[PDB]
J.: 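Questions regarding the structure given below will be posed in turn.
Each chain gets a letter, A, B and so on, in the order the sequences are listed, and its residues count up from 1.
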Number of protein chains: 2
Amino acid sequence: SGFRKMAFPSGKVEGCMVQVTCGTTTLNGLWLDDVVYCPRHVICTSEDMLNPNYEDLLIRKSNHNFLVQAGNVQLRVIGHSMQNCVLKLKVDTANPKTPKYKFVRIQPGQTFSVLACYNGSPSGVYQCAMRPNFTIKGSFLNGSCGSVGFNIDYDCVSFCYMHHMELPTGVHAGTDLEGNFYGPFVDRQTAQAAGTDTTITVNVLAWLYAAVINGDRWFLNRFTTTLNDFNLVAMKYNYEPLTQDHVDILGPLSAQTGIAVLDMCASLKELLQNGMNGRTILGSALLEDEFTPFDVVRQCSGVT
Amino acid sequence: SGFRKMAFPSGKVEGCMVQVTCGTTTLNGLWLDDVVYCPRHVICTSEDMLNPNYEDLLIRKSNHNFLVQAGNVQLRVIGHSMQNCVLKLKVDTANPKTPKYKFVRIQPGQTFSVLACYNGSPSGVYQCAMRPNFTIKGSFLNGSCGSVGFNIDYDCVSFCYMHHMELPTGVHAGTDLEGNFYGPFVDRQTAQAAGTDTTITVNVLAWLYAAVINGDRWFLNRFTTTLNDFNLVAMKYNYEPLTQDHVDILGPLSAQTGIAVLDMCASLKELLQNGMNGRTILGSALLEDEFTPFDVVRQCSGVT
Ligand SMILES: CN(C)c1ccc(N(Cc2ccsc2)C(=O)Cn2nnc3ccccc32)cc1
Ligand SMILES: CN(C)c1ccc(N(Cc2ccsc2)C(=O)Cn2nnc3ccccc32)cc1
């Protein structure tokens with residue numbers, strides 16, 4: 001027992017991290033096969049970022065201007081192309097540590113692990129979620145750009161995120177590995193405010209099921225509710241609407257605990273209306289929303 | 001910016017995880033050089049655990065009874081010895097993935113990363129702390145025994161913990177890599193209750209400094225206090241006493257923010273006395289104590 005914000009083991013991704021330098025800008029790249037993926041803003045100066053014309057800036061760059069270093073050894077760049085907001089640097093050597101991989105574009109509410117890197121070197125790993133406003137609440141400093149988000153299914157790493165920027169509000173924005181930003185963010189240093197950061201309701205319910213599985217049952221009440229009634233309360237508290245799809249995804253957790261999904265919704269409804277009253281659930285004084293129902297099942301069953 | 005419960009990259013430790021089986025018990029081992037370290041309770045049945053005589057149980061075991069598997073390949077056991085509560089299985093092959101390593105016995109309040117494993121395979125990585133009552137609040141299921149806690153300093157992995165058991169209260173107990181349990185716990189299925197789980201005061205102050213560095217300043221007040229006055233309040237709230245050593249360790253964070261350590265103690269004192277009032281600090285509704293001052297500096301400076 002015990003429930004922790006657990007990240008995937010990062011070894012498979014550590015073997016893909018490289019340093020990319022263009023001019024005076026150095027950030028991280030992801031080396032898969034003979035291609036190094038990195039944010040296209042590597043070609044920019046801090047001044048360029050105010051109003052960059054990436055196509056024009058890229059015309060002034062050649063293969064030899066992209067310095068790619070894997071460990072202490074230099075990789076030879078034999079091609080370069082811009083795909084949306086990422087650059088793909090074709091190198092003459094396939095990464096011998098390339099794992100089985102996929103590029104996936106995740107949905108808001110979905111969680112992933114981030115391997116924060118600086119100068120192509122991993123500094124740490126943490127678990128986060130794609131917020132409903134398409135930002136991530138990560139931990140990134142200058143130089144962390146190019147750090148990636150991923151999930152692992154046994155031996156296949158599914159890359160979902162590449163870090164590009166920090167908004168003036170301390171939240172983070174990035175792309176999938178095809179270079180498309182999550183949300184409406186652009187790689188330009190301009191006025192970009194995030195939308196409402198709503199709570200991922202299905203994740204909170206999954207975490208309430210994890211709490212019951214791990215012994216924290218004080219919040220279980222004698223009530224039930226309906227999806228419509230629950231959703232009136234969820235709207236009032238800036239919680240995402242709960243759908244029948246979400247109820248269905250919670251089915252295995254509902255079956256394991258013997259607590260019907262709508263009964264747990266009534267528990268959540270009372271927690272929203274009355275607060276925790278100075279009490280905690282799984283060592284937290286707030287309702288955790290960065291564990292999906294899949295994460296709760298995975299952690300409670302020990303999938304390796 | 002942003003502050004996350006960050007674990008070290010686990011790749012270096014993933015390359016050391018092996019499966020050890022003795023009879024019908026299978027748990028994890030740590031393979032460093034030509035030695036596999038694992039909990040000595042691998043020789044026990046669930047019945048044996050009630051009152052095990054490890055020396056007597058070990059007499060009935062030979063080298064060939066310890067099945068060590070690294071990936072899908074079997075390791076040949078050429079020696080076995082019991083050191084305190086761990087077994088050291090000498091194998092005929094040095095682990096080619098052995099990193100630079102040390103075995104350290106940590107103090108309470110110190111943090112480390114855990115790579116949770118099952119059948120020698122890593123399932124996840126999370127950050128935790130050695131509690132002042134010598135337990136850890138981890139996430140371990142049956143089969144997780146032998147999973148290790150560690151810190152990394154650039155390229156040297158310092159192993160500090162090996163998982164052995166879960167107490168009836170859902171908290172975890174284990175040893176250092178010399179086989180000595182942290183605290184008064186024994187590898188016997190008997191009445192073992194943990195002592196007071198006090199809050200690691202120096203860590204809370206470090207995390208309050210991280211909050212100021214990352215923009216959360218609402219809790220900063222117009223007051224100061226003394227170590228003696230602060231400690232009267234800390235005792236009342238089951239917080240560890242703050243010493244001059246702790247003040248000294250907080251010096252670099254105090255210098256970076258320009259907030260004297262005792263002023264932050266007064267902030268913490270008001271937070272203890274008045275509560276958060278429905279507010280949060282770094283997205284938490286309680287005072288986080290599982291980041292050391294070293295962790296805060298490391299995360300805020302990006303040490304790789
Ligand atoms: C010189 N170039 C290449 C460059 C200059 C600025 C940046 N920006 C600013 C920005 C804002 C909107 S568009 C660009 C980042 O946010 C980068 N960033 N990512 N995470 C960070 C954590 C802290 C500080 C910085 C951070 C990226 C690249
Ligand atoms: C059959 N053998 C070898 C064996 C049998 C029992 C155990 N015990 C029980 C115990 C309590 C005090 S002394 C032994 C564990 O706690 C093991 N453990 N570790 N973490 C876990 C998370 C969940 C469930 C089990 C867990 C270990 C080994």
J.: Between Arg131(B) and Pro108(B) (side chain of the first, backbone of the second, donor and acceptor by atom type, cut-off under 3.5 Å), is there such a pair?
T.: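 No.
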
J.: So, applying side chain to side chain contact (heavy atoms under 4.5 Å, CB included) with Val202(B), which one of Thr243(B), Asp245(B), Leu250(B) is it?
T.: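 In the set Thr243(B), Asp245(B), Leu250(B), the residue that makes a side chain to side chain contact (heavy atoms under 4.5 Å, CB included) with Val202(B) is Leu250(B).
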
J.: Kindly give the heavy-atom pair with the smallest separation between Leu268(B) and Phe230(B), and that separation in Å.
T.: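 Heavy-atom minimum between the residues: CD2-CZ, 3.7 Å.
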
J.: State, yes or no, whether a side-chain contact exists between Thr280(A) and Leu286(B) at a heavy-atom distance under 4.5 Å.
T.: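 In short, these two side chains touch, coming nearer than 4.5 Å.
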
J.: Between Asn28(A) and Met17(A), what is the shortest heavy-atom contact and its length?
T.: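 Taking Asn28(A) first and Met17(A) second, the nearest heavy atoms are CB-CE, 3.9 Å.
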
J.: May I ask you to decide if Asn228(B)'s main-chain N or O and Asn231(B)'s side chain share a donor-acceptor pair within less than 3.5 Å?
T.: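 No; judged by distance alone, with no hydrogens or angles, the pair does not exist.
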
J.: Quick one: pull up OG in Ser144(A) and CE in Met165(A) and give me the separation to the nearest 0.5 Å.
T.: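 It comes to 12.5 Å.
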
J.: Parallel, tilted or perpendicular: which fits the ring planes of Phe140(A) and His163(A), with parallel below 30° and perpendicular above 60°?
T.: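 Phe140(A) and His163(A): parallel rings.
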
J.: Kindly compute the distance separating CD (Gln189(A)) from OG (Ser46(A)), expressed to the nearest 0.5 Å.
T.: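 Going from CD on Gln189(A) over to OG on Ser46(A), the span is 7.5 Å.
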
J.: Do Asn180(B) side-chain atoms and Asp176(B) backbone N/O form a donor-acceptor pair below 3.5 Å?
T.: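 Answer holds: no.
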
J.: How long is the span from the OG1 atom in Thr26(A) to the CG atom in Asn142(A), to the nearest 0.5 Å?
T.: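 Between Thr26(A) OG1 and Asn142(A) CG, I get 11.0 Å after rounding to 0.5 Å.
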
J.: Do you know the tightest heavy-atom contact between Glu290(B) and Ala129(B)?
T.: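 Scanning both residues completely, I find the closest heavy atoms to be OE1-N, 3.3 Å.
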
J.: Set out, in order, the CA-CA distance, both residues' side-chain angles and the distance that settles side chain to side chain contact (heavy atoms under 4.5 Å, CB included) for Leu167(B) and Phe185(B), then state yes or no.
T.: CA-CA 9 Å; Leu167(B) 295 177; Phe185(B) 305 115; 3.6 Å; yes

J.: Using a 6.0 Å cut-off, check whether atom CZ of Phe294(B) has over 12 heavy atoms from anything other than its own residue.
T.: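 No, CZ of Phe294(B) has 12 or fewer neighbouring heavy atoms, counting only those of other groups under 6.0 Å.
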
J.: Shortest non-hydrogen contact from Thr292(A) to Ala206(A)?
T.: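 Heavy atoms of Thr292(A) and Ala206(A) come nearest at C-CB, 3.8 Å.
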
J.: Give a yes or no on whether the backbone of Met130(B) and the side-chain of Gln110(B) come within a donor-acceptor separation of less than 3.5 Å.
T.: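 No, because the side chain of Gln110(B) does not come within donor-acceptor range (under 3.5 Å) of the backbone of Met130(B).
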
J.: So does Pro252(B) get a backbone contact from the side chain of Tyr209(B), meaning a donor-acceptor N/O pair under 3.5 Å?
T.: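 Checking the backbone N and O of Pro252(B) against the side chain of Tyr209(B), no donor-acceptor pair under 3.5 Å is found.
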
J.: Do the non-hydrogen side-chain atoms of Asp295(A) and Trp207(A) ever get within less than 4.5 Å of each other?
T.: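 No - every pair of side-chain heavy atoms lies 4.5 Å or more apart.
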
J.: As an exercise, state the distance from CZ of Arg217(B) to OG1 of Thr257(B), rounded to the nearest 0.5 Å.
T.: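 That separation rounds to 8.0 Å.
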
J.: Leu271(A) versus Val204(A): any side-chain heavy-atom pair under 4.5 Å?
T.: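 No, too far: nothing below the 4.5 Å cut-off.
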
J.: Any non-hydrogen side-chain atom of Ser301(B) less than 4.5 Å from a side-chain atom of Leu141(A)?
T.: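 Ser301(B) does not reach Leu141(A) side chain to side chain.
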
J.: Is any side-chain heavy atom of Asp229(B) less than 4.5 Å from a side-chain heavy atom of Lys269(B)?
T.: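 Counting from C-beta outward, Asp229(B) and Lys269(B) do come under 4.5 Å.
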
J.: Would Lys5(A) and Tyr126(B) count as a cation-pi pair here, with the cationic atom under 6.0 angstrom from the ring centre and within 45° of the axis?
T.: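 No, cation not above the ring by the 6.0 Å, 45° rule.
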
J.: Report the residue from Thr201(B), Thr198(B), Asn203(B), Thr199(B) that forms a side chain to side chain donor-acceptor pair (under 3.5 Å) with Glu240(B).
T.: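 Result for side chain to side chain donor-acceptor pair (under 3.5 Å) with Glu240(B): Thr198(B).
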
J.: Could you check if a side-chain atom of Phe150(B) sits within less than 4.5 angstrom of a side-chain atom of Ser158(B), using non-hydrogen atoms only?
T.: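 They are not in side-chain contact.
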
J.: Given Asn133(B) and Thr135(B), is the side chain to side chain donor-acceptor pair (under 3.5 Å) satisfied, shown in steps?
T.: CA-CA 6 Å; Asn133(B) 61 8; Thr135(B) 73; 2.8 Å; yes

J.: Should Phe3(A) and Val296(A) be marked as a side chain to side chain contact (heavy atoms under 4.5 Å, CB included) after you check the CA-CA gap, both sets of side-chain angles, and the distance that decides it?
T.: CA-CA 9 Å; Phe3(A) 207 74; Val296(A) 170; 3.8 Å; yes

J.: CZ/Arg222(A) to CD/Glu270(A) distance, rounded to the nearest 0.5 angstrom?
T.: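 If we round to the nearest 0.5 Å, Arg222(A):CZ and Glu270(A):CD are 13.0 Å apart.
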
J.: So do the side chains of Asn151(B) and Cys160(B) get within less than 4.5 Å of each other, counting heavy atoms only?
T.: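 Contact flag for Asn151(B)/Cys160(B) side chains = yes.
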
J.: Side chains of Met264(A) and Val212(A): closer than 4.5 Å at any heavy-atom pair?
T.: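 Heavy-atom side-chain distance check passes, below 4.5 Å.
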
J.: Got more than 12 heavy atoms from elsewhere within 6.0 Å of CD, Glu47(A)?
T.: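 No, CD of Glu47(A) has 12 or fewer neighbouring heavy atoms, counting only those of other groups under 6.0 Å.
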
J.: Going by the rule salt bridge (charged side-chain N to carboxylate O under 4.0 Å, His left out), which residues pair with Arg279(B) if we only count those two or more places apart in sequence or in a different chain?
T.: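 Salt bridge (charged side-chain N to carboxylate O under 4.0 Å, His left out) list for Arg279(B), sorted by chain: empty.
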
J.: Is there a donor-acceptor pair closer than 3.5 Å between any side-chain N or O of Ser123(B) and the backbone N or O of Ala116(B)?
T.: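 Side chain of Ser123(B) to backbone of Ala116(B): a pair is present.
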
J.: Going by the angle between their ring planes, with limits at 30° and 60°, are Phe103(B) and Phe159(B) parallel, tilted or perpendicular?
T.: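 It falls in the perpendicular class, over 60°.
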
J.: Under the 3.5 angstrom rule, does the side chain of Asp216(B) hit a backbone N or O of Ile281(B) as a donor-acceptor pair?
T.: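 Not a single qualifying donor-acceptor pair exists.
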
J.: Please report the shortest heavy-atom distance between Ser113(A) and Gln127(A), naming the atom on each side.
T.: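 Minimum heavy-atom contact is OG-OE1, 2.6 Å.
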
J.: What closest approach, in Å, do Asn221(A) and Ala266(A) show between heavy atoms, and which atom pair accounts for it?
T.: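 That would be ND2-O, 3.3 Å.
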
J.: Taking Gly138(B)'s backbone N and O only, do any of them form a donor-acceptor pair with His172(B)'s side chain (distance below 3.5 Å, no angle check)?
T.: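 Answer holds: yes.
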
J.: Considering residues, nucleotides and ligands other than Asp248(B), do more than 12 of their heavy atoms fall under 6.0 Å from its CG?
T.: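 Count over threshold, so yes.
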
J.: Distance from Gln107(A) atom CD to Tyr182(A) atom OH, nearest 0.5 Å?
T.: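 It comes to 8.5 Å.
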
J.: What verdict does the side chain to side chain contact (heavy atoms under 4.5 Å, CB included) test give for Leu205(A) and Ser267(A), after you've listed the backbone C-alpha separation in whole Å, the side-chain angles of each residue and the deciding distance to 0.1 Å?
T.: CA-CA 9 Å; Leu205(A) 285 167; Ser267(A) 269; over 6 Å; no

J.: Would the distance check show the side chain of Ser10(B) and the main-chain N or O of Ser10(A) forming a donor-acceptor pair, the cut-off being under 3.5 Å?
T.: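 The answer is yes, because a donor-acceptor pair under 3.5 Å joins these two groups.
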
J.: Set out, in order, the CA-CA distance, both residues' side-chain angles and the distance that settles side chain to side chain contact (heavy atoms under 4.5 Å, CB included) for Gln299(A) and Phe291(A), then state yes or no.
T.: CA-CA 10 Å; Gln299(A) 189 169 159; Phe291(A) 296 97; 4.0 Å; yes

J.: Quick one: does any side-chain atom of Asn119(A) pair with a main-chain N or O of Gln19(A) as donor and acceptor, under 3.5 Å?
T.: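 Such a contact is absent between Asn119(A) side chain and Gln19(A) backbone.
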
J.: Between the side chains of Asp197(B) and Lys137(B), is the shortest nitrogen-to-carboxylate-oxygen separation below 4.0 Å, so that they form an ion pair?
T.: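 Result for this pair is yes, salt bridge flagged.
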
